[PDB]
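Notes follow the structure.
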Amino acid sequence: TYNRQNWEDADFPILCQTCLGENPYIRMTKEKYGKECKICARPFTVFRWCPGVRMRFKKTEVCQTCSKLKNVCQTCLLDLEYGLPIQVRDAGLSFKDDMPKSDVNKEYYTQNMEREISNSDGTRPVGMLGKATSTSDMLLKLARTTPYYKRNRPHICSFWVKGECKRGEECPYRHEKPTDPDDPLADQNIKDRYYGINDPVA
Amino acid sequence: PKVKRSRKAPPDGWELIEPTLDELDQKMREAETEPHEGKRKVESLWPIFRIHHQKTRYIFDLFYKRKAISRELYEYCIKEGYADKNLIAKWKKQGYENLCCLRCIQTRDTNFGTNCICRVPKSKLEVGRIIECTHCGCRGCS
Amino acid sequence: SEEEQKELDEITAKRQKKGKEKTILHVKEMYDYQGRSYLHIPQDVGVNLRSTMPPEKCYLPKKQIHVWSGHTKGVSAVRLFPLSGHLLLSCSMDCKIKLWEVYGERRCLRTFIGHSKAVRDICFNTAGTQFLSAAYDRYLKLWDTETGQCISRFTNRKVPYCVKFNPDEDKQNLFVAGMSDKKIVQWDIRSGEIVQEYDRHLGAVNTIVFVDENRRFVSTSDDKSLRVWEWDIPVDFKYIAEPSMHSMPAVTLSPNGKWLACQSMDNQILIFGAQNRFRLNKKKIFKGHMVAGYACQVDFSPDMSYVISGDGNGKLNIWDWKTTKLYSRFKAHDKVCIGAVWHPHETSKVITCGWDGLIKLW
Amino acid sequence: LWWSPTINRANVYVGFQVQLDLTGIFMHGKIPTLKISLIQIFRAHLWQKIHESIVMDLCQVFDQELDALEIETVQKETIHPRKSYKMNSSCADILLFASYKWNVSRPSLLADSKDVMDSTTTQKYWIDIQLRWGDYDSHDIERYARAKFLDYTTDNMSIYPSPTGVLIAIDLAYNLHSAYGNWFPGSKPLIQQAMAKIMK
Amino acid sequence: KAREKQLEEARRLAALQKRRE
Amino acid sequence: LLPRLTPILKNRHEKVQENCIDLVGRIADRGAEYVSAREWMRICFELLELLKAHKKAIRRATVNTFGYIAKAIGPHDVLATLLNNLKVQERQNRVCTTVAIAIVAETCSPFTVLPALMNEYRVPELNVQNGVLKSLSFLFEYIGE
Amino acid sequence: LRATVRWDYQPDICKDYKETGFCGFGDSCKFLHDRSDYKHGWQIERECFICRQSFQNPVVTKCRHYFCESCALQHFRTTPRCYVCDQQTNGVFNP
Amino acid sequence: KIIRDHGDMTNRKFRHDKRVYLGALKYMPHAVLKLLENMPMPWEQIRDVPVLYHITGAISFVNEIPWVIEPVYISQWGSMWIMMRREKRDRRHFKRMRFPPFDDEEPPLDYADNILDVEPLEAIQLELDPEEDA
Ligand SMILES: [Zn+2]
Ligand SMILES: [Zn+2]
Ligand SMILES: [Zn+2]
Ligand SMILES: [Zn+2]
Ligand SMILES: [Zn+2]
Ligand SMILES: [Zn+2]
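Residue numbers (our numbering), protein chains in the order written: chain V, 3 to 204; chain Y, 1132 to 1273; chain A, 273 to 634; chain S, 1080 to 1279; chain H, 355 to 375; chain U, 148 to 292; chain E, 1406 to 1500; chain X, 2 to 135.
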């Protein structure tokens, strides 16, 4: 009756090269408990920064414990070894891990694995690292190596979508016209991309 | 107009510099009574900054670049709140001449301990884009 | 930019059409052969399109032909085309109207949109080229069945009830439309307003059908009362009511012309006389089909053999009306089925709709 | 309820004055038995109905003697129903337009018999009727009536169409009654007999 | 017991009615 | 007025009960359009206890009020209440309950009342069948032809 | 016309007595015993028919069709049924 | 301008200031303390104070402490005592003040619309002797 998951209060966000950017000279901001996790809802450490010039001022989404679970980016939510979705990596290597969908069981199991990682070393993408070494079978035919900046490209100016961005080029949001809303690739549920279930990009 | 805190006789050259301060006080009144909706939240603050910067620039030119006003009457306008003495003193610095606001140079206002980007020299921009400040709406006031 | 903002408006219109005077177009067939309406004659369905009333002996089949779908929500009205069963029309409640070939074809023949609320009722003209759809936005739109463009629109002061076309060939543009505030309007499409108004009915109208061609039309209101009135006449001298039924949500005429089925709210299907002695038989009723407060289609099969009734749980009841007993019950699909019509082409087929958005052909 | 004026004192050591619901009765502190007794006395819009009955009764009294007091017209002032309860503001209750120039006396008491009518002269006039709930400590009515007259005629929110008018304060808790204000000739003994028969 | 089973059957009937509607 | 009149009927004095039941009879005769049927059958619940008064005129006027309320609010819940009460009385009363049941039937079309009374005859409780038959005899005498 | 008055916003009526007619506490009713629903102070402070020609010498047939006398004669000479709902008018050219 | 905006917390433009406003509850007692320590004096007409104000306008403390010289303050209040003795001894009819001064429907008025544009009236302020009070 006195059970809760502890808070992700740590440095060192584990990020992609793509969201990491191109500048070696990086200025950084860190919020301690500014937001919560997008999956397990623990109050996590927010890392916000500017990788380049034409930027979204990108920041981390989920907690470091969830990123330690799934080996995905804290912003991009794609797997750090290949740049691929975790649905693609789980279909390629092992899809027997999964996650409970109910909130109470999810938080209890999250507290269990959080205790497990806290008793463990700290830098390990949990149990399937021993079975994830057999890679480059087919997934490296299309796995990215380039730092993709067109997904780090900032959000669309909805005011100029309505045609009414009076700022023009002073507006830091994108003054290009948006993608297709009828396109299923534009849907992109964040929990689906975490869970590896029916992600349209995957 | 402005309620006089001194409640005394103003000096001699006040009587011809007062309509400029009267219309600038009406500019303060319209910057108070403008609607915030439509432009942005922080955008409506910037005419107050820029027009008060023009007020302080006008009195700064009365006392320094023309010396057309006296010292005691210049201090009377300071004590009546027309002129920002600190903004005048920062304009008297070598590298700070077109300084739009004292909020623009505060290192505690920035998260990185910096100044505003309209304080940056125009040769040191390296980013492009129509530069307009968040504090005051200034466009390259270095 | 102007063309960029036009592309943004096209993307916004695509988002609005995905959400569901702007109408959609269904399929690329359009006019077949040398050019004809899609709702006139498909010339591909089974049996004879120009057949008589009794094709054969009526039997209850347990099968599925077409699942159709298309509609995002449950279609409030399901009707057929003129004369033959070469086309079926569904008034989808997302302000949509769909027309299909009604013979197992998955592609819809025609589409129509432009309303703001749910389309409550749909009817066709005597020729079969004009389709009048009445919605909940106090207006009825008459549109072309082959192009989907709205030819005309007529508004009303009250909410629109079930609007039907007159059975007379001389009066094809005269539509009998009910209103919420106790009115029945015989409105001409050429005049644009209510040519004749009858306020003698009490309550909102439910179903207006033709007991006889150009002699008397039977309108059923929210109360359990059916009134037979002549077209453009001030006085109605035929009415039926009782203190057992609570409401008359559905009143329909059989294809044989010997009896009329009124799906009353007291879980009964009253059989009224289609002659001048318009009396409802208490013995000849169907208590095996339950209609509590939900509208349905108490319809009849060929040669007055079967009577079809709907239920809110999704189970349709077929009764041998010659034997006056419930012969069969179809419990297909997990959606609520209200309207059901036996096919005039083949006697072994029926057309119904569901609340999940699928039109079922049996 | 029997010892109600003894305990509903205006002067308390500590106590917050609050108006009781749908009345003009001011209450300091929370006495629930007296609150129950006073509410069950004054239930069903009783204060407003009593004030409206008094206003309509005096309007009919001046409706018989419209002529002999030289009055063009007597106006029933259509007020909000909370005007009988509000003590902050006070509009006119009865508007008099005279047939000629009334030679109007100064603001003086109802019991002021030695009253000279020669202060001013005017045509329009107003009558205001206020009801109070006095106690043992503040049972007087005449000083209250003149204080309310000089605090409402000077008040901008208390709307009066004429400078000349009368305010009649009636203490319902003690069956007491007084009036103060301007007077035109022929008013005062007729007014006194009228209000005496109204309380009768 | 039997009343709870009848209430569960009526709740299942309402569940299929809500699924049909 | 009738919410004020509702605790007045709980008085134990006979002249007060007679005059109050007469006033309720005039009210339930004329003004059925101000009082909810919940309060009407609450008045019926009071009159079930008030039927044990000594005066036959008081019990007769109670029967008349039951007929007025049955004409006003409908005959269903009052017949269910009287069917509960008549089997539960079983004392030196309840012939007036049968008389009231007969008036509820006769003023409000006994074809509705008769299946409920016929099913209540099937209760084996040794006095409810006598109540059914007494109400039947009284009702047949009231309706005649 | 501002007339905001600080009322007593606690009406201590007995809720059991008010909508039933009976309180179980009775003499020990902490609230008051009344059944009424008048407005409170804060609530008040918040507050030829087809031809449509001229009608002369009217006559009605047996099918409740109102027309003229000559129109009733024409209907009786034409049909046994009237123009209302083709009911049994039986050619009634009566006044 | 901040006070003229955010009017009774209505707009969804200021929607992200909800928690910034609701975090104020710790500090209005200290704001009331610093406000009520610094009334302008009866011989004063207008007193202006330094104000430590939040950027959202959630709170505005009086960022000063009133320090006064004791014999100056005592002789000032002795003068004030003398003129209130003179005022009751000389005024024929004092009028007492209404409480509350504003109605419950009367809103808090704007300072620029009502008070900043008008001149203050006279304070108490005895004439001092050029010879004796030199
Ligand atoms: Zn990344
Ligand atoms: Zn997490
Ligand atoms: Zn600046
Ligand atoms: Zn700047
Ligand atoms: Zn600047
Ligand atoms: Zn009580």
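Backbone N, C-alpha and C fix where the C-beta goes; we use that ideal spot for every residue, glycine too.
Check, Outcome
"Contact shell at 6 Å, judged by CB to any heavy atom of ligand 2, ordered along the chain", "V:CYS39, V:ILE41, V:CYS42, V:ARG44, V:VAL64, V:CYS65, V:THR67, V:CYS68"
"Residue(s) in a DSSP beta bridge with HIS1256 (chain S)", "S:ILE1249"
"One or two residues paired with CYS625 (chain A) in a DSSP bridge", "A:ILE631"
"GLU107 (chain X): contacting residues in chain E (beta-carbon distance under 8 Å)", "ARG1407"
"Cross-chain neighbours of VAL608 (chain A) in chain H, by beta carbon under 8 Å", "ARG374, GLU375"
"For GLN458 (chain A): DSSP bridge partner residues", "A:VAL448, A:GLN468"
"Euclidean distance between Cα positions of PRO43 (chain X) and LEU23 (chain X)", "36 Å"
"C-beta neighbour in chain E for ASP104 (chain X), strict 8 Å", "yes"
"Which listed residue (A:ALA349, A:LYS334, A:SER356) has its alpha carbon closest to that of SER405 (chain A)", "A:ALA349"
"Beta carbon shell of ligand 5 at less than 5 Å from a heavy atom", "Y:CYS1231, Y:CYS1249, Y:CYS1264, Y:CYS1269, Y:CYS1272"
"Spatially closest choice to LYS597 (chain A) from A:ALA612, A:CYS609, A:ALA449, A:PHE558, by CA coordinates", "A:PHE558"
"Start and end residues, beta strand (DSSP E) containing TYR1471 (chain E)", "1471-1473"
"Straight-line Cα distance separating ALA476 (chain A) from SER536 (chain A)", "15 Å"
"Where the region 501-533 of chain A meets chain E: residues whose CB sits under 8 Å from a CB there", "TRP501, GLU502, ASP504, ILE505, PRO506, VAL507, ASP508, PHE509, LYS510"
"Pocket of ligand 6 (residues with CB nearer than 6 Å to any heavy atom), chain order", "E:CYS1419, E:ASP1421, E:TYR1422, E:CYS1428, E:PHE1430, E:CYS1434, E:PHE1436, E:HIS1438"
"Chain-ordered neighbours of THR153 (chain U) on chain E, where CB pairs are closer than 9 Å", "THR1425, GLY1426, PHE1427, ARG1440"
"Residues bridged to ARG499 (chain A) (per DSSP)", "A:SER491, A:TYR511"
"Residue of V:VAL203, V:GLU33, V:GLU63 minimising C-alpha distance to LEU144 (chain V)", "V:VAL203"
"Backbone secondary structure at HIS605 (chain A) - three-state DSSP", "coil"
"Test: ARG159 (chain U) CB closer than 8 Å to a CB of chain E", "no"
"Proximal residues to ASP18 (chain X) (C-beta, below 6 Å), its chain only, five neighbours per side dropped", "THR57"
"Validate contact between the region 389-399 of chain A and the region 339-353 of chain A using beta carbons, cut 8 Å, 3 pairs", "yes"
"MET1278 (chain S) burial status per 10 Å Cβ neighbour count (16 or more: buried)", "exposed"
"Endpoints, alpha helix (DSSP H) assigned at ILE1086 (chain S)", "1083-1086"
"Residues sharing a beta bridge with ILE1418 (chain E), DSSP", "E:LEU1437"
"Whole-angstrom distance between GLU328 (chain A) and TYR578 (chain A), CA atom to CA atom", "12 Å"
"Stretch pair the region 1217-1230 of chain S + the region 1140-1149 of chain S: three plus CB contacts closer than 8 Å", "no"
"Residue-level contact to chain E via CB, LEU1101 (chain S), 8 Å cutoff", "yes"
"Heavy atom of ligand 3 within 7 Å of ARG1234 (chain Y) beta-carbon", "yes"
"DSSP three-state assignment for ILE168 (chain U), whether helix, strand or coil", "helix"
"CA nearest to the CA of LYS294 (chain A), picked from A:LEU552, A:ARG379, A:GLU279, A:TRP415", "A:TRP415"
"N-terminal and C-terminal residue of the beta strand (DSSP E) that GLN540 (chain A) is part of", "540-545"
"DSSP-derived helix/strand/coil call for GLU1151 (chain S)", "strand"
"Burial state of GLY450 (chain A), where buried means 16 or more other Cβ atoms lie within 10 Å", "buried"
"Validate contact between the region 588-602 of chain A and the region 546-566 of chain A using beta carbons, cut 8 Å, 3 pairs", "yes"
"Spatial neighbours of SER309 (chain A) in its chain, beta-carbon cut-off 7 Å, leaving aside the 5 residues before and after", "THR401, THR417, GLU418"
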